[PDB]
Amino acid sequence: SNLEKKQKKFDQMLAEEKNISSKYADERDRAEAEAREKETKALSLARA
Amino acid sequence: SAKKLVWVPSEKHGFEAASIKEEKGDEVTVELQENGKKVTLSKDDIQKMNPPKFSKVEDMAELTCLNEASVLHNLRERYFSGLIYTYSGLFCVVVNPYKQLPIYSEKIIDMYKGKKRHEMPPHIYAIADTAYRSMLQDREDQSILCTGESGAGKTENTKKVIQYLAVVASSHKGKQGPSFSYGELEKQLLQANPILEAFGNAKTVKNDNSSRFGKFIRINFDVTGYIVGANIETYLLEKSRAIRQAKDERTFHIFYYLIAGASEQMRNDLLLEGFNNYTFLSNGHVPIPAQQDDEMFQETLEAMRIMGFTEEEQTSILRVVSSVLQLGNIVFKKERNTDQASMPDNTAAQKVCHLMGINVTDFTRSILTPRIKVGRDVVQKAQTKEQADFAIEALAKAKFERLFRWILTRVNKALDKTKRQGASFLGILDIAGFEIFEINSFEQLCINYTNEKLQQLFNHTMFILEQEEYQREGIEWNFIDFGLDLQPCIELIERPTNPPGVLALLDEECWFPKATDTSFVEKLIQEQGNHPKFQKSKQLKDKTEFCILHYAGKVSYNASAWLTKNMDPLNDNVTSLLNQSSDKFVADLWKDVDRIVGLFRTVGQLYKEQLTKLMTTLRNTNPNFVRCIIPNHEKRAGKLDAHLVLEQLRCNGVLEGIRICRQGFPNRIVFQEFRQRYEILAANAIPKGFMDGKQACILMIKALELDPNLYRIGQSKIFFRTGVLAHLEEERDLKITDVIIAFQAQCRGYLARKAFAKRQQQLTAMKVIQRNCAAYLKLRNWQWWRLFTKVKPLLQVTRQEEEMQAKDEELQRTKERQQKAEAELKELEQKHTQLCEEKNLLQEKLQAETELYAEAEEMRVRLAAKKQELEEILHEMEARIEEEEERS
Amino acid sequence: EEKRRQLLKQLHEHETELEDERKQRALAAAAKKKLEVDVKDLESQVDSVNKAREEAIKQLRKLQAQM
Amino acid sequence: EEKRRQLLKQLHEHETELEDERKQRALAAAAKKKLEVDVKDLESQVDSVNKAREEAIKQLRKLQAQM
Ligand SMILES: Nc1ncnc2c1ncn2[C@@H]1O[C@H](COP(=O)(O)OP(=O)(O)O)[C@@H](O)[C@H]1O
Ligand SMILES: [Mg+2]
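This is the structure:
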């Protein structure tokens, strides 16, 4: 019974883990874009 | 795996591993794996092997197949490993190692406290903590119960439990290691054990530290769950042995500790000598391993000092204990011309009466030829050598009982500073174990009886209570009885109804002055004859021997002088003298004399009274058992007798108990509680509208998709199999932990902000302090300050108006207090005169009723005499009428 | 808080002392009912014994008259 | 002051309520003792009645044997 409940749970959890992984990839790319933006800002401040 | 492998019985090891070759009818041919020896057993004899994965496995409830031999082997391997603890479902079993191990520390205590059994290895700390947590959560009373034979180790478990309690239950004063400064009551509690042990324990063939007494501790808690008080109850002790010592056995440890440890100054004060100088000390000095008598003497006295004893109330105990030791030296010799006792060694009596502060002349004659009041007359008692011996030994018993009573009351009164309020309590029961030797008198029987009666109580609570609960809730279950029952043996001894048991017969034949111990045993044999648990004399009828059946084996008893134990006879003249002793301490010990007996209450009935009370407490509280097992009778570490542990395990009924634990449903909860505790798991499925909560519970149980064999639904309680609720609770809490951490960060943030804000006020205060102190410190070496200091008190501050105003203000307060004191005085005066008049009226009325009673009772006696007279005359008339009728 | 502790201790002690008196009331009532049953039983015994006595006297007088 | 008033009121009310229970204990004990005396009296009646019955039977048998 426990194994069957787990089997059902693993299927759901793998799909949700893919969603979470995708969310982290999006936030990673957002943080990378932020890093580029603030790097540009730092260069502008240095030139100023 | 090789399915032909089996446990086969062994004369040396109880059971041992072997391999089946073939089978024939009801039998199997097998080869022992240790030597290759062939043998044939019955198919009922051999048992199935414990697989490798289950070797040394923890809880007995987890075993793939319940086998006595597998349990035995797991126990032996664990004893060789030194892991003494093993779980058995709801309870725990242990085994005496006879050797100290580092299984106990503050680090371990902190590691165990508040954790669940499933996440931890076994320990007594876990049992103590579980009882504490359940006590706190349910707000009911709880108890811990250690059980086993005389050598089995209980006192080590008890020592660990009260130590654990004395740290976990402590309230924090707001002020880390084992030298931590505990609270005052915990400090007393941790000293009470060594105090009581010194006065109450002795060496026996079974145990070098054998407790001669039964005890019960309890600790009381507030609504917050912290300790606020404690009590120490103690039951009747094996006091007889102390001056009638069997070979290689010892008296109470305090005697040896005093005789060895006393300074020359102390020795002269107490009029003491070294060993072998005392008639009451058979075998002379008897040694004991591991102890250091002088050092023990120091530490027990220091323990009494920590318990807040004065030096006088220590030395007074030493005086009385010296007195019982010395009085044995009052040797008697009988005058053949008169059969009366005489005392050639009157020096001993002079020493004793000096230590007691009474008259030597009266002390001598009240022992040798006393004058005793018998009703109306006061008459010279003829007194033999044996009667004089009996009198002084009985006096020693009386002195000892009074001193032990004083000790027990004094130690409780230390705790009795605390208030009468409390929420609930946790108990600790520690009764002396099963015990036997070359003589079996009444003094051992009561202890052995309570040991087996406790096992019978366990039978009820473990087996019967379950069937009753399941039947009450009406669930799908089937009754079973494995036949664990001691009741006929209890009924043989006790008298709740007829026919009369051992105790009742002993009391009845004790009361009758014409009867003796032979009369008692004869009546027992006649009236109990062929009772399933009784057995007659082993041909030695002249020895007045008889026997009774117990689960620990049949025991033969010796009835000699049981009547004096029930009657408790004591000398009235010496009692009167001691009651009026010159020593205030002795006068206090002997203040009560209403149990004087020159021939009241039966010791059996007294014992029953305390027993029913404690047993009712055991029925009301929730007990936690911790069973301890004897490895061998030679008091040796590492060595283990398979047959001893086997038969102890069997009679404890653990193989039967664990079966019903796994087969039944140990967890149980009311439906409303089940829903309110776990609803989060099915909140979308459970309807909001009001209904029978069991429907919501069914919906939740279905959502969890539980197997219907794992639970049973009653009308009120839902029963569940082991631990499921505690794992669901863990999962539910884990679901909440994420938001809890976020809230915790906010609360800790608030706390940090508060602390920082306070620190700012402290910083600004400190800055102005520093300005002031630096300014003064720089300048105070200037000379002018001395002149300023001379001049200022002549000029500044008028003072006297402020002083006058202050005096006037305080005068008003003092006048107010006076008015209140006078009002209270008047109230007390009004109540005083009322109580005085009521006292007067009651005294007058009492005197009237006493006179009326006297008048009634004297005439009652007169009428009884006339009744007897008329009855005798009527007998004479009946004789006469017969003589007439025969003549006619 | 000290006033609370004192008054609560007083309340607790006074309550438990009189609760023991209430237990004594329960015991007294039980004993009363037991003795009431004993009185009824003994009254039935007196009824039967007196009837038997009177019947014995009747038979005695009858036989005495027949002799 | 309000805590004092409340706790004192509670103490007073609970004390008088349980004092009424103590009076009920006194009444119950009085009734118990009364019924105990009645039991002893009735036991004495049974003693006398039974003795009289047995004596009547003895005399009956004696006279029956004499006839
Ligand atoms: N848990 C334990 N750890 C260490 N030694 C133990 C332990 N339990 C028992 N012992 C040993 O067993 C001896 C006797 O056990 P004891 O507690 O006196 O048993 P009982 O109270 O049943 O007579 C002790 O002196 C000690 O050496
Ligand atoms: Mg012990």
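Protein chains in written order, with the entry's author numbering: chain A, 1450 to 1497; chain B, 30 to 204, 211 to 634, 656 to 944; chain C, 1594 to 1660; chain D, 1594 to 1660.
Beta carbons are placed, not taken as given, at the ideal position from N, Cα and C, and that holds for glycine.
Option nearest residue i by Cα separation, candidates the options
i	options	result
B:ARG675	B:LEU492, B:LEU624, B:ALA297	B:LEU492
B:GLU503	B:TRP546, B:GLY720, B:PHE234, B:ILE685	B:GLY720
B:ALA383	B:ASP374, B:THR373, B:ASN372, B:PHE398	B:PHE398
B:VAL321	B:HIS288, B:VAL356, B:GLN818	B:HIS288
B:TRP512	B:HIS152, B:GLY518, B:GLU501	B:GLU501
B:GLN349	B:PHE472, B:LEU781, B:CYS803, B:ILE230	B:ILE230
B:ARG507	B:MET331, B:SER772, B:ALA467	B:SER772
B:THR396	B:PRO687, B:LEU612, B:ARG724, B:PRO523	B:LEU612
B:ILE474	B:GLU284, B:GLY536, B:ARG804	B:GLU284
B:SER99	B:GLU913, B:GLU557, B:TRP36	B:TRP36
B:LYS691	B:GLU928, B:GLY363, B:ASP243, B:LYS32	B:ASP243
B:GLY111	B:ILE937, B:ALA912, B:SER944, B:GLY694	B:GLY694
B:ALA338	B:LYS222, B:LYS368, B:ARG279	B:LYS222
B:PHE120	B:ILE153, B:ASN303, B:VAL537, B:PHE681	B:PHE681
B:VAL632	B:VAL356, B:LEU575, B:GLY410, B:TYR663	B:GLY410
B:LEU584	B:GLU878, B:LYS846, B:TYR484	B:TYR484
B:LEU575	B:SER591, B:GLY564, B:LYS568	B:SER591
B:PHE730	B:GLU785, B:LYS814, B:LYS66, B:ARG715	B:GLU785
B:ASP789	B:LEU737, B:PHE776, B:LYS834	B:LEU737
B:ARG168	B:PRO523, B:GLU893, B:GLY457	B:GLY457
B:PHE775	B:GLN818, B:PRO131, B:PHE799, B:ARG718	B:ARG718
B:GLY54	B:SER71, B:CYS94, B:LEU781	B:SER71
Paired residues, beta bridge with residue i - DSSP
i	result
B:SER172	B:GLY462, B:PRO679
B:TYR767	B:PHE776
B:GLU60	B:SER48, B:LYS67
B:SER245	B:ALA237
B:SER39	B:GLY43
A:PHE1459	Answer is none; A:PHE1459 lacks a bridge partner.
residue 958 of chain B	Examination of residue 958 of chain B is not possible in this model, given that chain B is present from 30 through 944 alone.
B:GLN76	B:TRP36
B:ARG253	B:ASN266, B:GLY462
B:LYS53	B:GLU56
B:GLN226	According to DSSP, B:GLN226 bridges with nothing at all.
Cross-chain neighbours of residue i in chain C, by beta carbon under 7 Å
i	result
D:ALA1658	Near D:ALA1658 there are no residues of chain C at all, since even the closest Cβ is about 11 Å away, more than 7 Å.
D:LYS1625	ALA1621, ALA1624, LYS1625, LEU1628
Listed by chain order, chain D residues near residue i by CB distance under 7 Å
i	result
C:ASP1613	Those do not exist, as C:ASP1613 stays about 10 Å from chain D at its closest Cβ, beyond 7 Å.
C:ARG1646	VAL1642, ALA1645, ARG1646, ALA1649
C:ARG1618	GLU1614, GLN1617, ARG1618, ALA1621
Interface residues of chain C facing residue i [CB-CB closer than 8 Å]
i	result
B:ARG455	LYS1602, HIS1605, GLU1606, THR1609
Under 8 Å from the C-beta of residue i: neighbouring residues of chain D
i	result
C:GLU1595	The contacting residues do not exist; C:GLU1595 stays about 11 Å from chain D at best.
Please go through the region 527-592 of chain B and give each complete beta strand (DSSP E) segment of 3 or more residues, from N-terminal end onward. 580-583
Residues whose Cβ lies closer than 6 Å to any heavy atom of ligand 1, in chain order: B:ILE113, B:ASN125, B:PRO126, B:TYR127, B:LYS128, B:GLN129, B:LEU130, B:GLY177, B:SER179, B:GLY180, B:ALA181, B:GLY182, B:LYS183, B:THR184, B:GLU185, B:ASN242, B:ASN244, B:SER245, B:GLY468
Whole alpha helix (DSSP H) runs in the region 593-621 of chain B with 4 or more residues, listed along the chain? 597-602, 607-614
Can you list, in chain order, the stretches of the beta strand (DSSP E) that have 3 or more residues and sit fully within the region 110-189 of chain B? 115-117, 120-124, 171-176
Any beta strand (DSSP E) of 3 or more consecutive residues that is wholly inside the region 419-472 of chain B: 459-465
Just list the alpha helix (DSSP H) runs in the region 825-899 of chain B, keeping only unbroken ones of 4 residues or longer that don't cross its boundaries, in chain order. 840-851
Within the region 661-726 of chain B, ranges of the alpha helix (DSSP H) (whole runs, at least 4 residues): Correct list: 698-707, 710-719.
Alpha helix (DSSP H) runs contained entirely in the region 482-519 of chain B, provided each spans 4 or more residues: 500-508
Quick one: which unbroken alpha helix (DSSP H) runs of 4-plus residues sit fully inside the region 893-939 of chain B? Chain order, please. none
Suppose only complete runs of 4+ residues qualify. What are the alpha helix (DSSP H) ranges in the region 269-314 of chain B, listed by chain order? 288-296, 299-305
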